[PDB]
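Each remark here refers to the structure printed beneath this line.
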Amino acid sequence: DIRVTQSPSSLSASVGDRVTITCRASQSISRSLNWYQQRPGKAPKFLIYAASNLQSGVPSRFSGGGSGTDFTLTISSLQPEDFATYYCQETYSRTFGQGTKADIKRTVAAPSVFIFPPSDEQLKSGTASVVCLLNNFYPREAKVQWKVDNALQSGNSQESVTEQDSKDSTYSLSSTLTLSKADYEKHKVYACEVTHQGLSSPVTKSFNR
Amino acid sequence: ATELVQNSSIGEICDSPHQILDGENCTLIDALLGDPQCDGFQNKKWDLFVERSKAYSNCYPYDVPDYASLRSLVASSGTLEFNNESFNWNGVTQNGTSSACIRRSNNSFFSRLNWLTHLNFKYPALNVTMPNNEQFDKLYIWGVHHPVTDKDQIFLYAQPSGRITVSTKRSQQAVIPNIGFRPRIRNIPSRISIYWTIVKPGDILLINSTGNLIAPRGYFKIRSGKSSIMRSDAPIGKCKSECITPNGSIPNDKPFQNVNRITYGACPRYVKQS
Amino acid sequence: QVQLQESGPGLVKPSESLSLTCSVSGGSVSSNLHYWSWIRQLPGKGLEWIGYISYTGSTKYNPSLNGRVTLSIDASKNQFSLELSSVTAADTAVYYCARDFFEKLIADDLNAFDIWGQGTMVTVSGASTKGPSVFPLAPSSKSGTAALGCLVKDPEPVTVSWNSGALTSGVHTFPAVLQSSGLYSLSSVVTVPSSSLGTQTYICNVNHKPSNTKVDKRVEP
Ligand SMILES: *[C@@H]1O[C@H](CO)[C@@H](O[C@@H]2O[C@H](CO)[C@@H](O[C@@H]3O[C@H](CO)[C@@H](O)[C@H](O)[C@@H]3O)[C@H](O)[C@H]2NC(C)=O)[C@H](O)[C@H]1NC(C)=O
Ligand SMILES: *[C@@H]1O[C@H](CO)[C@@H](O[C@@H]2O[C@H](CO)[C@@H](O[C@@H]3O[C@H](CO)[C@@H](O)[C@H](O)[C@@H]3O)[C@H](O)[C@H]2NC(C)=O)[C@H](O)[C@H]1NC(C)=O
């Protein structure tokens, strides 16, 4: 029985800011804990050992300290490539913390958009998938509106969002509209209305046929 | 269990009548081995030595099997008197230094240890005899280094594998070094295993080893007394009290106490409640 | 270095014993002072340590899982396996195999998790397996930047690389969404100069492992 508490759950800070993550324990664990970093799509990385000993892949801006119950992980000058999820593990417990993933305070947006009709090989299978793209926009909050012959569509579109590649700290979003082959050929105007802050007016990309 | 229970402390430890030695950033073993920040403690005495929780090691990382045995031995003696002996390490290189054990802005090492490396890419089987022609018990502190890659085992000692043997009349000690890269403490993945060997009056210290060895520079005097050690963060004040707890000095008027179980001197007995 | 690659099924029907195998390369699996462990990942719970074993075999397990975990080592193959009996929907996760050293020199701490493996997703939906369908995404090609990608429809979205890995900078593959048909679907895109389209060949590489399906489709204007 050992308890671990990591605060906060998430935060936001600019490039060059000094951010601190706190890992609190219920029982005294002496000068004894370690901090790790997992980037999106990667395995965690061994950053600090015994609360304050930096390891192989450290860029020297990382640092840790504390004794007893209250430990701190500090990034002196936050860099874009530091975007990841950070954990604190307590040893005799072998328990991972809840995790703290923060992201860079984002500059002002610049969404670049594209759209894509269904392929000729997919339309033969009786299924049409129209894909819209939103590339390198930032902040996250964006609205994708589908218009079939300039008619509002809902419930038949799906979309994903990537996380900051940490080179430019920008997201990307792509909606896929799914309809049958019959419903595809009943119509010809297919649009993708994008609502976003970095756009002074909703940008619409459309094709025909 | 109310009027007859001492339930409070003055918040600090009296430096009288007991000789109090404060640890500051040093542990007892950091001062024992010769940690550069702990050089001020050399050859000091004490009746009670207080380690601080803020203490840390700032030399070359080290491990000690039976760490509560060696700490309680040195504590029960109450002295750090160290006499340099002339070990004749012929065929080796002495006074090995490290980049993470800095003193006076230079690469150094433990002041009570002689880290031995090869010489001319030679390193013969070292057999050193050292008698104890005294009347008092000697304490020898030696070590075994653990190189990370045998790339370093060859560079440091010019043998694929070392072995350390420390023998006396009663005792024999055999240690084999462990090649292995390890988590970097102060940018060092290598370690050193610290052991100890006692020789009695009339006994001889025997070192039957090639040298992945951290040779000692002498011996510590072993006394037998009421000296001890305590972990506390309370300040040291100018006062007199025949009872010391990690929460501070308390009066021994009451027959009982609930301040702390850990006590030193003529103290009342501890109660579980009130 | 010491590489670790987990191998095993990406789909496990419930009530079955989950089984995965970690392969250690470049070093001896037998170690005088070392433990081999397994750890699972879920979004919302973070990481959760599972098991951990010495060369001799010494085990302790996470008391959260009531003994359902059983690991094992075979030095003849430099491998150590995971066996989780009676899996439920709460056991779908990402499983990692990790090389760990324990030191306990004075601190009595020193459970260090040094190297970490790539990882293998496992699922407990227990339905069936069917391969994907790769569809290209043509460019606009107005000509001053264009974009093109591959659309993947219909357990794991595996690897999507571009031209065997020659084209990497500027690629955003998106996480799969779950359609109402129970089958997943994602898309991987890349932005290229709007002047190299007719002479530059673009081929995305998808290689479905839980169905033995590797497809190389040309995205052509
Ligand atoms: C025990 O060790 C700690 C940690 O090394 C000591 O605390 C720090 O000691 C350094 C020694 O120089 C102090 O650095 C000096 O102060 C300024 C900040 O005002 C610093 O930027 C400079 O580099 C300068 O060298 C540092 O201030 C000090 N920090 C604290 C919080 O005290 C400590 O003095 C040692 N001794 C004891 C009894 O704690
Ligand atoms: C390893 O390092 C230790 C510590 O520096 C060396 O001990 C020191 O050796 C020097 C040289 O002999 C001593 O200085 C000399 O002492 C003689 C004594 O007769 C004196 O006549 C000279 O004028 C000079 O001061 C020094 O005292 C001694 N350190 C102590 C604390 O006594 C040791 O020699 C080194 N060994 C090797 C192999 O490098």
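Residue numbering restarts at 1 for every chain of the structure tokens, chains are lettered A, B, ... in their displayed order, and ligands are numbered from 1 as they appear.
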Next item on the list: Output the contact residues of chain A with respect to chain C at a cut-off of 9 Å, based on only C-alpha atoms, as a count of residues only.
Entry: 47
Note to self: Could you list the protein, DNA and RNA residues that have any atom within 8 Å of ligand 2, counting only C-alpha atoms and all ligand atoms, and write them as a PyMOL selection string?
What the structure shows: chain B and resi 84+93-95+111+114
Checklist line | chain C contacts on chain B, only C-alpha atoms, 8 Å, as a list in words | finding: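 That gives residues 62, 63, 64, 65, 67, 182 and 183 of chain B for chain B.
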For the residues in the current selection, export C-alpha atoms as a short mmCIF file (atom, residue, chain, number, x, y, z; two decimals), in the first residue's frame.
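See result-v1.cif below for the written result:
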data_model
loop_
_atom_site.label_atom_id
_atom_site.label_comp_id
_atom_site.auth_asym_id
_atom_site.auth_seq_id
_atom_site.Cartn_x
_atom_site.Cartn_y
_atom_site.Cartn_z
CA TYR B 62 29.54 4.14 -3.66
CA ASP B 63 27.53 1.27 -2.16
CA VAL B 64 27.91 -0.51 1.18
CA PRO B 65 26.58 -3.99 1.99
CA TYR B 67 25.13 -0.27 5.71
CA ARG B 182 24.12 1.44 -14.46
CA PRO B 183 21.93 4.55 -13.92
#
Per-residue nearest contacts chain B to chain A, cut-off 8 Å, using only C-alpha atoms, as JSON lines:
{"residue": "B:183", "atom": "CA", "partner": "A:49", "partner_atom": "CA", "distance": 6.9}
{"residue": "B:184", "atom": "CA", "partner": "A:55", "partner_atom": "CA", "distance": 5.6}
{"residue": "B:185", "atom": "CA", "partner": "A:53", "partner_atom": "CA", "distance": 5.3}
{"residue": "B:186", "atom": "CA", "partner": "A:53", "partner_atom": "CA", "distance": 6.0}
{"residue": "B:187", "atom": "CA", "partner": "A:55", "partner_atom": "CA", "distance": 7.0}
Check: Any idea what's packed within 8 Å of residue 8 (chain A), counting only C-alpha atoms, ignoring anything in its chain fewer than 6 positions away? Could you give it as a PyMOL selection string?
Finding: chain A and resi 21-22+100
Check: Got a sec: who's within 12 Å of residue 172 (chain B), counting only C-alpha atoms, leaving out chain neighbours fewer than 3 positions off, as an NGL selection string?
Finding: :B and (164-169 or 175 or 195-199 or 204-208)
Next item on the list: List all protein, DNA and RNA residues that have any atom at most 12 Å from ligand 1, counting only C-alpha atoms and all ligand atoms, and write the list as a PyMOL selection string.
Entry: (chain A and resi 65-66) or (chain B and resi 22-27+37-38+51-58+233+235)
Note to self: Quick check, in Å to one decimal: how far apart do CA of residue 79 (chain C) and CA of residue 37 (chain A) lie?
What the structure shows: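 Going from CA of residue 79 (chain C) over to CA of residue 37 (chain A) covers 26.3 Å.
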When you look at residue 135 (chain B) with a cut-off of 12 Å (counting only C-alpha atoms), what residues show up, excluding the ones that are within fewer than 3 positions of it in the same chain? I need them as a PDB file with N, CA, C and O atoms, in the first residue's frame.
ATOM      1  N   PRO B 131      50.705  -5.674   9.574  1.00  0.00           N
ATOM      2  CA  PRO B 131      50.437  -6.172  10.924  1.00  0.00           C
ATOM      3  C   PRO B 131      49.747  -5.137  11.801  1.00  0.00           C
ATOM      4  O   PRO B 131      49.761  -3.934  11.534  1.00  0.00           O
ATOM      5  N   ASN B 132      49.137  -5.642  12.870  1.00  0.00           N
ATOM      6  CA  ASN B 132      48.522  -4.824  13.913  1.00  0.00           C
ATOM      7  C   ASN B 132      49.313  -5.054  15.199  1.00  0.00           C
ATOM      8  O   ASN B 132      48.912  -5.822  16.075  1.00  0.00           O
ATOM      9  N   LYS B 138      42.059  -2.124  15.143  1.00  0.00           N
ATOM     10  CA  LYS B 138      42.159  -1.333  13.925  1.00  0.00           C
ATOM     11  C   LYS B 138      40.948  -1.571  13.031  1.00  0.00           C
ATOM     12  O   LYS B 138      40.382  -2.667  12.999  1.00  0.00           O
ATOM     13  N   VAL B 199      40.964  -5.886  12.385  1.00  0.00           N
ATOM     14  CA  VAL B 199      42.077  -6.706  12.843  1.00  0.00           C
ATOM     15  C   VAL B 199      42.321  -6.400  14.314  1.00  0.00           C
ATOM     16  O   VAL B 199      42.237  -5.244  14.743  1.00  0.00           O
ATOM     17  N   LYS B 200      42.597  -7.439  15.084  1.00  0.00           N
ATOM     18  CA  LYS B 200      42.809  -7.337  16.517  1.00  0.00           C
ATOM     19  C   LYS B 200      44.294  -7.240  16.831  1.00  0.00           C
ATOM     20  O   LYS B 200      45.139  -7.514  15.971  1.00  0.00           O
ATOM     21  N   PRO B 201      44.657  -6.820  18.045  1.00  0.00           N
ATOM     22  CA  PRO B 201      46.080  -6.783  18.418  1.00  0.00           C
ATOM     23  C   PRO B 201      46.734  -8.146  18.246  1.00  0.00           C
ATOM     24  O   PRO B 201      46.286  -9.147  18.810  1.00  0.00           O
ATOM     25  N   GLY B 202      47.803  -8.176  17.452  1.00  0.00           N
ATOM     26  CA  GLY B 202      48.479  -9.407  17.117  1.00  0.00           C
ATOM     27  C   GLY B 202      48.040 -10.040  15.815  1.00  0.00           C
ATOM     28  O   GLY B 202      48.657 -11.022  15.383  1.00  0.00           O
ATOM     29  N   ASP B 203      46.999  -9.516  15.178  1.00  0.00           N
ATOM     30  CA  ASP B 203      46.489 -10.046  13.923  1.00  0.00           C
ATOM     31  C   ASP B 203      47.095  -9.285  12.750  1.00  0.00           C
ATOM     32  O   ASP B 203      47.643  -8.190  12.905  1.00  0.00           O
ATOM     33  N   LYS B 221      40.987   4.160  14.435  1.00  0.00           N
ATOM     34  CA  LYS B 221      41.005   3.630  15.790  1.00  0.00           C
ATOM     35  C   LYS B 221      39.593   3.260  16.231  1.00  0.00           C
ATOM     36  O   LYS B 221      38.631   3.985  15.961  1.00  0.00           O
ATOM     37  N   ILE B 222      39.474   2.125  16.914  1.00  0.00           N
ATOM     38  CA  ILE B 222      38.192   1.602  17.364  1.00  0.00           C
ATOM     39  C   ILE B 222      38.141   1.737  18.880  1.00  0.00           C
ATOM     40  O   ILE B 222      38.909   1.086  19.601  1.00  0.00           O
ATOM     41  N   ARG B 223      37.230   2.571  19.369  1.00  0.00           N
ATOM     42  CA  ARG B 223      36.957   2.700  20.792  1.00  0.00           C
ATOM     43  C   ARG B 223      35.620   2.050  21.124  1.00  0.00           C
ATOM     44  O   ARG B 223      34.781   1.814  20.251  1.00  0.00           O
TER      45      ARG B 223
END
Next item on the list: Report the distance between CA of residue 3 (chain B) and CA of residue 257 (chain B) in Å, rounded to one decimal place.
Entry: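 Atom-to-atom, CA of residue 3 (chain B) to CA of residue 257 (chain B), that is 10.8 Å.
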Notebook entry, point to check: From the list B:180, B:218, B:162, B:225, which residue is nearest residue 79 (chain B) when using only C-alpha atoms?
Noted result: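 Nearest candidate to residue 79 (chain B) out of B:180, B:218, B:162, B:225: B:225.
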Fewer than 3 positions away in the same chain doesn't count, so skip those; otherwise give me all residues within 10 Å of residue 10 (chain B), counting only C-alpha atoms, as a tab-separated table (two decimals) with N, CA and C atoms, in the first residue's frame.
chain	number	residue	atom	x	y	z
B	13	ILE	N	18.48	20.74	20.39
B	13	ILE	CA	19.30	19.76	21.10
B	13	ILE	C	20.40	20.49	21.85
B	14	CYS	N	20.55	20.17	23.13
B	14	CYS	CA	21.57	20.79	23.97
B	14	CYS	C	22.94	20.19	23.67
B	234	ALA	N	16.54	19.06	14.20
B	234	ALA	CA	16.41	20.13	15.18
B	234	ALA	C	17.74	20.87	15.32
B	237	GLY	N	21.59	24.12	20.24
B	237	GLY	CA	21.58	25.29	21.08
B	237	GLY	C	22.56	25.17	22.24
B	247	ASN	N	13.28	15.33	18.25
B	247	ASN	CA	12.46	16.52	18.32
B	247	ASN	C	13.06	17.61	19.19
B	248	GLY	N	14.21	17.35	19.81
B	248	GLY	CA	14.86	18.29	20.70
B	248	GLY	C	15.10	17.69	22.07
B	249	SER	N	15.78	18.47	22.90
B	249	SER	CA	16.09	18.05	24.26
B	249	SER	C	14.86	18.21	25.15
B	250	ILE	N	14.68	17.26	26.07
B	250	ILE	CA	13.53	17.26	26.97
B	250	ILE	C	14.03	17.04	28.40
B	251	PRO	N	13.30	17.50	29.41
B	251	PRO	CA	13.69	17.22	30.79
B	251	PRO	C	13.30	15.82	31.21
Strand (DSSP E) residues, from DSSP on the backbone, in region 24-153 of chain A, as a PDB file with C-alpha atoms, in the first residue's frame:
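Generated output (result04.pdb):
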ATOM      1  CA  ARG A  24       3.393  13.803  -3.853  1.00  0.00           C
ATOM      2  CA  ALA A  25       3.369  10.585  -1.829  1.00  0.00           C
ATOM      3  CA  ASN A  34      12.371   8.838 -10.798  1.00  0.00           C
ATOM      4  CA  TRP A  35      10.879  10.907 -13.630  1.00  0.00           C
ATOM      5  CA  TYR A  36      10.208   9.789 -17.213  1.00  0.00           C
ATOM      6  CA  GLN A  37       9.053  11.152 -20.572  1.00  0.00           C
ATOM      7  CA  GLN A  38       6.981   9.416 -23.241  1.00  0.00           C
ATOM      8  CA  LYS A  45      12.366   7.647 -21.631  1.00  0.00           C
ATOM      9  CA  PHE A  46      14.580   7.362 -18.544  1.00  0.00           C
ATOM     10  CA  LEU A  47      15.161  11.004 -17.561  1.00  0.00           C
ATOM     11  CA  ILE A  48      16.016  11.321 -13.858  1.00  0.00           C
ATOM     12  CA  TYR A  49      17.065   8.742 -11.266  1.00  0.00           C
ATOM     13  CA  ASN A  53      20.336  12.439 -11.108  1.00  0.00           C
ATOM     14  CA  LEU A  54      20.017  13.279 -14.803  1.00  0.00           C
ATOM     15  CA  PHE A  62      15.671  19.203 -17.087  1.00  0.00           C
ATOM     16  CA  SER A  63      16.105  19.039 -13.322  1.00  0.00           C
ATOM     17  CA  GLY A  64      14.534  17.418 -10.287  1.00  0.00           C
ATOM     18  CA  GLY A  65      14.625  17.782  -6.536  1.00  0.00           C
ATOM     19  CA  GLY A  66      12.899  17.041  -3.269  1.00  0.00           C
ATOM     20  CA  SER A  67      13.071  14.752  -0.243  1.00  0.00           C
ATOM     21  CA  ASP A  70       7.123  16.254  -2.094  1.00  0.00           C
ATOM     22  CA  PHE A  71       9.235  15.953  -5.253  1.00  0.00           C
ATOM     23  CA  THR A  72       9.433  18.363  -8.181  1.00  0.00           C
ATOM     24  CA  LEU A  73      10.347  18.067 -11.860  1.00  0.00           C
ATOM     25  CA  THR A  74      11.445  21.387 -13.364  1.00  0.00           C
ATOM     26  CA  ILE A  75      12.099  22.442 -16.961  1.00  0.00           C
ATOM     27  CA  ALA A  84       5.088  14.632 -23.972  1.00  0.00           C
ATOM     28  CA  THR A  85       3.442  12.915 -20.997  1.00  0.00           C
ATOM     29  CA  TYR A  86       5.491  12.828 -17.792  1.00  0.00           C
ATOM     30  CA  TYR A  87       5.228  10.189 -15.067  1.00  0.00           C
ATOM     31  CA  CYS A  88       6.660   9.638 -11.589  1.00  0.00           C
ATOM     32  CA  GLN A  89       7.251   6.089 -10.356  1.00  0.00           C
ATOM     33  CA  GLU A  90       7.723   5.085  -6.726  1.00  0.00           C
ATOM     34  CA  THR A  95       3.331   2.353  -8.979  1.00  0.00           C
ATOM     35  CA  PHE A  96       3.181   4.853 -11.824  1.00  0.00           C
ATOM     36  CA  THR A 100       1.034  14.993 -16.543  1.00  0.00           C
ATOM     37  CA  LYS A 101       0.951  15.887 -20.238  1.00  0.00           C
ATOM     38  CA  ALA A 102       1.235  19.578 -21.100  1.00  0.00           C
ATOM     39  CA  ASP A 103       1.628  21.384 -24.408  1.00  0.00           C
ATOM     40  CA  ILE A 104       3.315  24.549 -25.631  1.00  0.00           C
ATOM     41  CA  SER A 112      -4.269  25.292 -44.344  1.00  0.00           C
ATOM     42  CA  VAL A 113      -7.028  23.099 -45.744  1.00  0.00           C
ATOM     43  CA  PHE A 114      -7.541  20.512 -48.485  1.00  0.00           C
ATOM     44  CA  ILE A 115     -10.298  18.136 -49.608  1.00  0.00           C
ATOM     45  CA  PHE A 116     -10.281  14.787 -51.387  1.00  0.00           C
ATOM     46  CA  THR A 127     -18.924   3.086 -50.620  1.00  0.00           C
ATOM     47  CA  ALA A 128     -17.859   6.730 -50.926  1.00  0.00           C
ATOM     48  CA  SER A 129     -15.488   8.397 -48.451  1.00  0.00           C
ATOM     49  CA  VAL A 130     -14.759  12.116 -48.868  1.00  0.00           C
ATOM     50  CA  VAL A 131     -11.766  13.312 -46.834  1.00  0.00           C
ATOM     51  CA  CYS A 132     -11.140  16.918 -45.786  1.00  0.00           C
ATOM     52  CA  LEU A 133      -7.803  18.090 -44.369  1.00  0.00           C
ATOM     53  CA  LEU A 134      -6.808  20.768 -41.853  1.00  0.00           C
ATOM     54  CA  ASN A 135      -3.021  21.069 -41.692  1.00  0.00           C
ATOM     55  CA  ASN A 136      -0.900  22.836 -39.069  1.00  0.00           C
ATOM     56  CA  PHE A 137      -3.583  24.772 -37.204  1.00  0.00           C
ATOM     57  CA  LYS A 143     -15.159  23.223 -36.481  1.00  0.00           C
ATOM     58  CA  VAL A 144     -15.551  21.170 -39.666  1.00  0.00           C
ATOM     59  CA  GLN A 145     -18.841  21.592 -41.529  1.00  0.00           C
ATOM     60  CA  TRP A 146     -19.914  19.334 -44.398  1.00  0.00           C
ATOM     61  CA  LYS A 147     -22.265  20.609 -47.113  1.00  0.00           C
ATOM     62  CA  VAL A 148     -23.687  18.231 -49.736  1.00  0.00           C
ATOM     63  CA  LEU A 152     -25.758  20.802 -43.693  1.00  0.00           C
ATOM     64  CA  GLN A 153     -24.576  17.259 -42.942  1.00  0.00           C
TER      65      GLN A 153
END
Next item on the list: Please report, as a list in words, each residue of chain A to which DSSP assigns helix (DSSP H, G or I) when run on this structure's backbone.
Entry: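 The helix (DSSP H, G or I) subset of chain A is residues 80, 81, 82, 120, 121, 122, 123, 181, 182, 183, 184 and 185 of chain A.
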For those residues, write N, CA, C and O atoms to a file as an mmCIF file, in the first residue's frame.
data_model
loop_
_atom_site.group_PDB
_atom_site.id
_atom_site.type_symbol
_atom_site.label_atom_id
_atom_site.label_comp_id
_atom_site.auth_asym_id
_atom_site.auth_seq_id
_atom_site.Cartn_x
_atom_site.Cartn_y
_atom_site.Cartn_z
ATOM 1 N N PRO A 80 9.949 23.304 -27.543
ATOM 2 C CA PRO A 80 8.825 22.638 -28.223
ATOM 3 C C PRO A 80 8.907 21.124 -28.173
ATOM 4 O O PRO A 80 7.892 20.465 -27.916
ATOM 5 N N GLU A 81 10.094 20.551 -28.388
ATOM 6 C CA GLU A 81 10.263 19.101 -28.415
ATOM 7 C C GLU A 81 10.040 18.440 -27.062
ATOM 8 O O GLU A 81 10.091 17.207 -26.986
ATOM 9 N N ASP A 82 9.792 19.209 -26.003
ATOM 10 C CA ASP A 82 9.496 18.641 -24.695
ATOM 11 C C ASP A 82 8.047 18.191 -24.560
ATOM 12 O O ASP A 82 7.688 17.618 -23.525
ATOM 13 N N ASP A 120 -11.431 6.118 -57.395
ATOM 14 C CA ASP A 120 -12.213 5.384 -58.384
ATOM 15 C C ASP A 120 -12.363 3.917 -58.006
ATOM 16 O O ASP A 120 -13.368 3.290 -58.356
ATOM 17 N N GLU A 121 -11.384 3.358 -57.293
ATOM 18 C CA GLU A 121 -11.469 1.962 -56.884
ATOM 19 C C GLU A 121 -12.418 1.774 -55.707
ATOM 20 O O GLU A 121 -13.024 0.706 -55.570
ATOM 21 N N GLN A 122 -12.570 2.794 -54.858
ATOM 22 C CA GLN A 122 -13.492 2.683 -53.732
ATOM 23 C C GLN A 122 -14.941 2.811 -54.182
ATOM 24 O O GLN A 122 -15.822 2.128 -53.646
ATOM 25 N N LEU A 123 -15.207 3.680 -55.159
ATOM 26 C CA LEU A 123 -16.573 3.878 -55.629
ATOM 27 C C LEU A 123 -17.147 2.629 -56.281
ATOM 28 O O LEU A 123 -18.372 2.476 -56.325
ATOM 29 N N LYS A 181 -22.718 4.624 -52.419
ATOM 30 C CA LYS A 181 -22.480 4.978 -53.814
ATOM 31 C C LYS A 181 -23.691 5.675 -54.420
ATOM 32 O O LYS A 181 -23.547 6.604 -55.222
ATOM 33 N N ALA A 182 -24.894 5.235 -54.048
ATOM 34 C CA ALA A 182 -26.105 5.844 -54.586
ATOM 35 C C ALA A 182 -26.254 7.284 -54.110
ATOM 36 O O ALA A 182 -26.560 8.182 -54.904
ATOM 37 N N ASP A 183 -26.037 7.525 -52.815
ATOM 38 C CA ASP A 183 -26.141 8.882 -52.290
ATOM 39 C C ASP A 183 -25.030 9.778 -52.822
ATOM 40 O O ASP A 183 -25.202 10.999 -52.895
ATOM 41 N N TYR A 184 -23.889 9.194 -53.195
ATOM 42 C CA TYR A 184 -22.801 9.981 -53.767
ATOM 43 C C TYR A 184 -23.190 10.550 -55.125
ATOM 44 O O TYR A 184 -22.966 11.734 -55.402
ATOM 45 N N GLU A 185 -23.779 9.720 -55.985
ATOM 46 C CA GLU A 185 -24.085 10.117 -57.351
ATOM 47 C C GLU A 185 -25.396 10.882 -57.472
ATOM 48 O O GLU A 185 -25.652 11.475 -58.528
#
